[PDB]
Amino acid sequence: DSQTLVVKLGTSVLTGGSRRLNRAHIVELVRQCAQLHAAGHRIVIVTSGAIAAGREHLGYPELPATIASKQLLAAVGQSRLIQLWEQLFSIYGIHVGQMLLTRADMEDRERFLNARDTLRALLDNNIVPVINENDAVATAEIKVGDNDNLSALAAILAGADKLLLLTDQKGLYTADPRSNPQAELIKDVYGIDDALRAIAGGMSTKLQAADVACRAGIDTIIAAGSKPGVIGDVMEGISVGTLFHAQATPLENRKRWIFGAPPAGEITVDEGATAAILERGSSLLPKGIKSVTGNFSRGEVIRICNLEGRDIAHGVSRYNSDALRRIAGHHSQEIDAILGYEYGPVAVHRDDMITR
Amino acid sequence: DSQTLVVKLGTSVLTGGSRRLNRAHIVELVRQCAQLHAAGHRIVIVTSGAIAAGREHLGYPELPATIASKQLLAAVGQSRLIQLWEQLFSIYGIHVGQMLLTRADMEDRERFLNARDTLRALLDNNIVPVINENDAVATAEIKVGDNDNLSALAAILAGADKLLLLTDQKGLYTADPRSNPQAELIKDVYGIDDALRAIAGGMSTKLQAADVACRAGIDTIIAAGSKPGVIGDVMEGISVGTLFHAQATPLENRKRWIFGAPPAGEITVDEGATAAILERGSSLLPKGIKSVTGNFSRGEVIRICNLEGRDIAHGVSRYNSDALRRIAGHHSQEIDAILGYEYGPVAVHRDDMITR
Amino acid sequence: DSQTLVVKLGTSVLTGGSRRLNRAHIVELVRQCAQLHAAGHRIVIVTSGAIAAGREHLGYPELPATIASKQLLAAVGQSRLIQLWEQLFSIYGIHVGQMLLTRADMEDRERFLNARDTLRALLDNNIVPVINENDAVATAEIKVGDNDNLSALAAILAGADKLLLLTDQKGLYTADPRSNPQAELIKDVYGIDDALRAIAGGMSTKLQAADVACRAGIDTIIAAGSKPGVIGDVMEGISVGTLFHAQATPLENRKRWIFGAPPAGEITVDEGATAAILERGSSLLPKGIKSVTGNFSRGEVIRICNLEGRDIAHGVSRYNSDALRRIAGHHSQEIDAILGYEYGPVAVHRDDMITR
Amino acid sequence: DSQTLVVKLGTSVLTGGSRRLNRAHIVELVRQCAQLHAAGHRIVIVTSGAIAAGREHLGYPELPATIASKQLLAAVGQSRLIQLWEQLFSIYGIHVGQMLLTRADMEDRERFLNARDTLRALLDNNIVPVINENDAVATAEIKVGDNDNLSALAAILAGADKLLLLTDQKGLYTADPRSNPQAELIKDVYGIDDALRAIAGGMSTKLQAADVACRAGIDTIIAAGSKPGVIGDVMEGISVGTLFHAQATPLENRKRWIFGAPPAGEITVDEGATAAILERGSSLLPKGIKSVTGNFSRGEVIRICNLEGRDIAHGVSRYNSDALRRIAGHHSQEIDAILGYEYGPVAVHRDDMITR
Amino acid sequence: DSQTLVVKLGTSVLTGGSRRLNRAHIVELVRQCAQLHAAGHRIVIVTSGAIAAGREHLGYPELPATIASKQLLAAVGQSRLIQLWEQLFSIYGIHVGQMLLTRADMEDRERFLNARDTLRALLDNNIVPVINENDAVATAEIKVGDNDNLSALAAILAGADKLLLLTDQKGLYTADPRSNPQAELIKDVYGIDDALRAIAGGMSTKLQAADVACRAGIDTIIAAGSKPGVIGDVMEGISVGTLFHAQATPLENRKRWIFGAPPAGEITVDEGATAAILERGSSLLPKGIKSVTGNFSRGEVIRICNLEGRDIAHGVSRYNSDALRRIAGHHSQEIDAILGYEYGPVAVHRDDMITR
Ligand code: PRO
Ligand code: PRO
Ligand code: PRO
Ligand code: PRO
Ligand code: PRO
C-alpha cells in the first residue's frame, strides 16, 4: 500500500559537478517524485545546494575563505533553492514546504515533537516537505557530511519506510572497480561491520547515515542519481544499488524511544480511561486525567497509572505539565478556551504509548 | 555616522488588518529602508506574515484549529514571504538574506555566536537580513507576541543602535484617547515603571521587548507604520512616537555578557601576546597561546592568563577547546590546513575581551 | 417555570476565530436552544457575523479599509446570516424572526414601545427573535463592542430573566491564568467594582453590558460558547462561568422607568375605572377616559387622575394624545373603525402603570 | 450617459391582487432591471410585501387584528422577501443588498450620512440596494402609504435622476375613465396644484411622493407595472405614464440642504487649503485644518473660514468634532491609526461644499 | 486503520413513524457520519424516503392506490431527498453524490464495473455516495424490502468492511421480549440457520441481506437507529446490536467472482509483461498485449496466457474487445488519442487478477 520514502540529494547530484544547479536532472527527479506522489505515497526531500544558489545569485563574489562566508551564501541562497524546488514541483501541481532542522533540534524532546507535528501536518495535506539544515545557527553539515546525517534524522522523524541516498557512484563495491576487473557491486548488506567500513573508505558519511537509519528500523538504499527511474524502482523493490536492511522493527524503536530515559512526570487516570487504555488500546483524553505530578514540558515521557497507583502505561505527553493541570478533567472542545491554543484533542496518543 | 536600525513589522502592519499582505505599504517601507541603506546605514528587518502568505498561497484551505495547522501554513508561506521581500528590495538593487532564529538559539552560546557571525557577514556585504522565527521547531511567537521578543533579541545580536517597532497605534497615551479628550501621546520614557505597565495594558509584549532592549543599551521607539517617512525620521532623531531611552551603556552590556557566568576554561599566553593585549589592547592570535585547560565550545567565555598565572583578561572563544589545542602556537594562515575550516585569524577578539 | 433567556453570540463564537462562519458550532447551539424552547421557555438571540457572511457571499473582494466597506458587507450579509439562522432552526420545526435595532431606537420612547410590541408578538407565537444592529444607519457596534451593549438593551426590552454572553474565554479570573498557576475562575460577582474593572481589562465591553443588565434586575452570565450544554446548564442554574447577580428588582426598574422623567400629559378617569384601577389594579380601558391634556406620543408616561383632580396613577400610553382624544369614551371593539388601526383594547396597561 | 433610477413596487404590483407574491411578474421586472444594469445604470429598488411573505411562510395563521400582528408578519417575512429578491436577481448574475430605513433616520443628519454612505458603497460595487421600512420600530407605512414616501426619501438619498412608481392604474386621468368616454391620460405635469389633488382623489400618497421628489429636483413617472418594457422605456425617455417634471435643480436642493439651518460648528483652514478650496474647487483634507470650534456630530453643516476669520465655505462634516480635533493637521494615512476607524481621506467633500 | 462502512437507513428510521422526515434524527446521524469521515474512514449511505419527500412536496395529494402513484412520488421526491442529504452534510463541509442502482445493474458485468468505478471515484475524492433504487425502471424495493437487498449489493460493490442496518428494533431476540421476560438480545451470530429464520419471523428481509453480505465476506450489524453513537461504536467494535460474522474471506469472494463463469475472451501477452505479472504480481498494461480473441465487453472475465499458450492468469477486462485490439501494443498516454476516451492506464488491474 502507501509508503514513505525519504530521498536525499547532495550537491554533486544537483549540480552534476559544475558550478550551477542542473535543472534538467532535478526536473527528471521531480517528475519521478510526482509520479510516486500521484499514486498515494508520501515523499520527503532532504536537499543541499543553498551555497551554490547563493553564489550564483550574488554573481560569484570574492569572499574570505571562512565559515562565515559559507553561512552568508547559504542564507542568501536558501530562498533561491526553495523557490527552484517550488517552481519545479508546481509543474505537476504539487506544493512544497520548507523545514530547517538541526541535530540539536532532533535531540531536544519538545523540538522533536514540534518538528514531527509540522512534518505530519505537511504530509497529511499532500504537501512535499523540503528539508535542509539551518546554517545560520548550525555549521556541522557545512564542514563535512552534506546533509547525510540530517537525512537519517529526517527519516526517523518522518517515520519513513525507505531512505534513498542518491550519489554519483553506483553503490558499494567489494573492491576498487578500476584496479580490480572482477570488482562487483554489493547487492544486499545486513549490518555494518569493520570490514565494510574499511572497504567503503567520501562514502563514510553515507555509511554512518545508513547505520543510523537501519538501527532505527528503516531500509536504506544507496544508489546513483543519474540512473533512469531510480526512485520508482526503489519504491517498487527493484534492486538498483546497495540495500541495507533494517536491523530492528519499528516497535523496537518505539520501545527504545519510550524507555531510553526515566519518565519525566507522573499522571493518574480514572477507571473508565484506564479500561479504555488497557482493554481497548485507545488514546488518553484529558477528561480521564485526575492528577499531574512533576514539572515536564511537551514531548517528554511520563508514567500513566490508575487510582490505585499501579503503573499501567508509559507515553509521551502532548502538553506540558501546567497545561495538563489546567485542562485536566475537562472536555476536548474547551481546551482552546482554557489555554488559547490547542495541540489536539488527546493528552497521550496511542501510537506514542506503551502499555505496562 | 553609520548606525544600525532594527525595524520590526507585525502582521497587522504588513496586511493592513486585512486578509492578505498589502504590498503597497510594504513597498513604501522598503523604499524608506533602501533610502537609509544607500546612505551607508545598516538595516535589519524582523518580519511576520508567513502564515498569511501560506494561507493565500494554499488557496485558503479548511484546516483544524490547532497549532500544527499554523506550523504548516508558516512552512508553506515562509518561502513566499521571503520571495516578496526579495522582489521588493531588488527594485532598488539590494539583496536579501533569510535567517530563522528561536529564543533557545539566542540563549545557547555557540548558536548565538554562529548567528552573530552570519548576521555580521550579511551586514558587511550590503545585504539586508530578514529575520523570522523558525516555526517548525518553536511555537512561542505563534501563540503570543508576534515576533516582539525576537525583535529585541535580534537587536541585541546585531549590536543595533535603534530598535523601531511599527504598530497600528501612534504610541503610548497617558489616558484613553477615546474617553479622555485631554489624553496626549507620551514622547519620552526613562525606564519602565509599574504605572507605565498599568497604563499600557496588545502593548504589553511591546513593553516587555522595549524593557529587554533598553536594559541592553538600545533605544527603543514604538511608532505607527502608516506614518509617512517614519523610518527616516526615527534614524535622524525626530519624534514620531514613544521613545524609550537606554538604561545602560554597551560597555555595561558587554561586562554583563562576559561576567554573567564563570569561565568555562583557561588559556595561558606568552609574554609578547600579553604585552599586545595589555599595552595595545589588540586581539589574541593563536600563535601566542601556550596551553588550554578544560573542555569548552565555541562562544564560551574563558580566562586568559599569563605565564606567571596572573589572570589578565576574560573573553569569548572563537574556537572550541580541541581546535584551540590543535592550532596553538601556529600561524593563522595554517589554521584551515590544520582543522579543515577557518573561523578567522583570531582566537579571542578585542571587542569580545575585557582586560582584568 | 417558563423563563426568558437572551443568548449573545459574537463573531468569534460563530466563526470559531476562522475566516468564515462555522455551522457545526452554531448547529450545536441551535440544538440546545431548541431543546430549551420545546420545554416552554422563551429564547431571544442577539447575533453578529453579517460582515463575515457578506464577505463570504461576495467572494472576499478587495475593498477600501473604511467604515462604508463594512456597512456594505453587513448589508450584503444580513440576508445570508438570517437565512442560515432560519435554515438551522427549521431542522427542529422553529420559525425565526428578524429585528434590526439601534441604541437610538431604544432611547426613544415610541420606538422602544414599537420594538417591544414586535418582540412580544414574536415570543407569544413560538417564534425566536434574532436581533442585530441596523448597520445601514448606525456604526457604533462595528467600531467596538460586537453587539455587547445591544445584548443588554435587548435583555431589558424583552423582560429577560437571564442574559448569557458566550465568549472565547471561560469567564473572569482573579489573576492571569498563564502567569499565575494559582489563578482561579470567579464564580459569583455581587456588583461591579474598580478592582473588578482593573482585573477584567476584550472583556471591558462585556463588563459594561453586565453592569447595565444587572442594574436593571437581570442576572448576567459570562460563559464559553464551546462548553458542552452551556445554555441548558445556565437555564437550570448550574455554574458554568462567571455570574453577576441582579442589583435591583424588576419593580425597581419599572419605578425608574416610569418616574425617571416628568409626565408628558394628563388624563382624567371616571369613577368606575378609578375603582377598577385602585381596588382591582386592572388595565385602563378607553371607555373610562374623560379628558386628555397635552401633546404626547405613544409610549410616553402620563398621569392618570380622577374626576376630583387627585392623581391616582402614572403609566405609559399605548396611544398618542390625538388617538386617545378620538377614542375616549368609546368601546374597545370600535377602536379600529375610529382610527383605522388598533394597538389593543387598553389605553394604559396594568404592568406599565404604577398606582399612586 | 449613466443614470440613476429608483423603482417603487407596491404590494399590488408584487402580488397582482392575490394573497401570494407573483414571481412571474417580479422576474419580468427583474429582467428589465438587469438589462438596464448591464448597460451601466444604477438601479435602486424600494419594495413592499414583507407581510405577505410572512403570512405565506407561517401557513396563514389566525392572529389578532392589531398592528403588532402586522409587525410580526413583517419581521418573519422580510427575510423571505429579500431571499426572493436575491434569488431572482442571481439569475442574471447580480447581487442584492438590504437596507431598512425610516423617516426618522432620514430626518437625522448623522443617520442620513451613514445611509447615504452605505448606499453609495453598494452602488459603486455593482450591487442592487433593496430598500424597505424597518417595521420593528416604525409603523407609519403599515398604516397608510405602502412605501410611497419612503420611495421619495430613497430617491433623494440616492441622488437619483428618475423615480418610477409602479401601480395598477395606467397613470393620472383628467376624468373618470369609466364615466367619461373622453377621459384621457395626463402626459406631463408641471407642479402639483389643488385641482390636480382634487381630480386625483389611493392616488393621494403617490401624489405626495411625486411632489416631494420633484421639489428636490427629481423627475417622477407614475406608470403601470404590467406594461411591457415600462422600465426600459422610462430610462430611454418614451412616455408610458404620467410625468412630473422637476421643479428645481440639484444645485438648489444642495443649497437648501446646506443653508436650511445655521451651522453646527466652525473650523479654520490654513492658506494652502484655502487656495485649493477657492481657486481649484477641491475637497478639504484634515491636513489643512487648524482649529475646531463647537460640539457637532458627523453629517452636520459647519462653517469653514481662513486664518483671518473670513467665511469661505459651508459644508457637511464627515467626522464629528472630537475626531476632527484629534486628526487635525495630520496626514490621511494616519487617520486609522489615530481614531481606530476611517470614513475616508477628506474632512469635507467638495460636492458637499458651498463656497461663500 | 481506515475502514469502509455502509449505513442503511430505512423509511421508519428517517421519519420516526410519522408522515414527514425527521430532520433532527437525520442530523444526529449525519454528525456521527461526519465525525467518522473526518478520521479518514469511507462512508456509503443507502437511503430511502423518496416517496415521503414527494408526498410532502406535492401537498399530500389524492392519487390512485397503484404502483405508478408510488413511482410518481419517488420521481418527484428523489430530488428533495438528495437535496436534504446534501444540505445536512454541508454543515460539516462534506459533499454528497447521488447514485441510482438496481439489482439488474449489479447482475450485469459492464454495469457493475461502471458503478464500481464511479463509486470508487466518489470515495477517493472525499465525497459521500448516497444510494437509492431507480424507481423509474425498477419497482422491486417499492413492493417489499425497503432498500434491504440494495444495501447488501452496495456493500459488495463498495468493497466495504462493515454493513450496519439501522431499524427500530434493538436487534435480534431469542424469544418475544414482551411475552418472555427472559428474552435476551442475541450478541453474535455465525451463519444463518433455519432456526434463526423461524425465530426472526419484517425482519426476514434484513436477515436475507445479512446472509447475502456475510456470504461475500462482510460483517453485518443490525442495530437501532435511535441508540446514541451507534455508528461510532459500530466502527470501533463496541457491541450495540446483533453481529453477523463473515462466512468467507474477500479472497474467496474474488475467486468466486473470477471463476463463477467461463472466461468470455482470450488474450496473449509477451514475455516481459508475463514476467511482471507472475513473479511481481503487477497490473497488465496494454503495451504487453499481443493478440485478442473473442467478442467481450468491458467488465467480463478473460483468460491471459503467454506466447506459448499456457494459461497464466484470469482477470476482468477494463476495455471491451474492440478497444483492446485497437490499443494493443501502444503506450498508455495515447489511449485517449486512439479511442477518444480513457478508462485508465491498465488493461487488467492487479486486484482483479487470479494467477493460475
Ligand atoms: O545547503 C547547503 O549547501 C549546506 C551544506 C549542507 C547543509 N547546508
Ligand atoms: O510568521 C508568522 O506569521 C508567525 C508569527 C510570528 C512568528 N511566526
Ligand atoms: O454583524 C456584524 O458583523 C456587525 C458587528 C456587530 C453589529 N454589526
Ligand atoms: O413590507 C411591508 O409589507 C410593509 C408595508 C410597507 C412597509 N412595510
Ligand atoms: O425511496 C423510496 O422511498 C423507495 C422505497 C425504497 C426504494 N425506493
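The first residue you see is number 1, and the count goes up from there.
Placed from the backbone N, Cα and C atoms, the Cβ positions cover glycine too.
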D:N114, D:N147, D:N149: which one does Swiss-Prot list with D:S48, D:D135 for the substrate site? D:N147
Within 10 Å of the Cβ of D:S48 (substrate binding site), how many other Cβ atoms are there? 25
Students should find that the Cβ of D:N147 (substrate binding site) has, within 10 Å, a number of other Cβ atoms equal to 24
What number of additional C-beta atoms lies within 10 angstroms of the C-beta atom of D:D135 (substrate binding site)? 28
Excluding D:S48, D:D135, D:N147 themselves, the substrate site's Cβ centre has within 8 Å the residues D:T11, D:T47, D:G49, D:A50, D:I51, D:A74, D:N132, D:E133, D:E141, D:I142, D:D146, D:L150
For substrate: widest Cα to Cα gap among D:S48, D:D135, D:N147 in Å: 11
Helix, strand, coil residue numbers for the domain 'PUA' (D:264-342) per DSSP? 26 helix, 23 strand, 30 coil
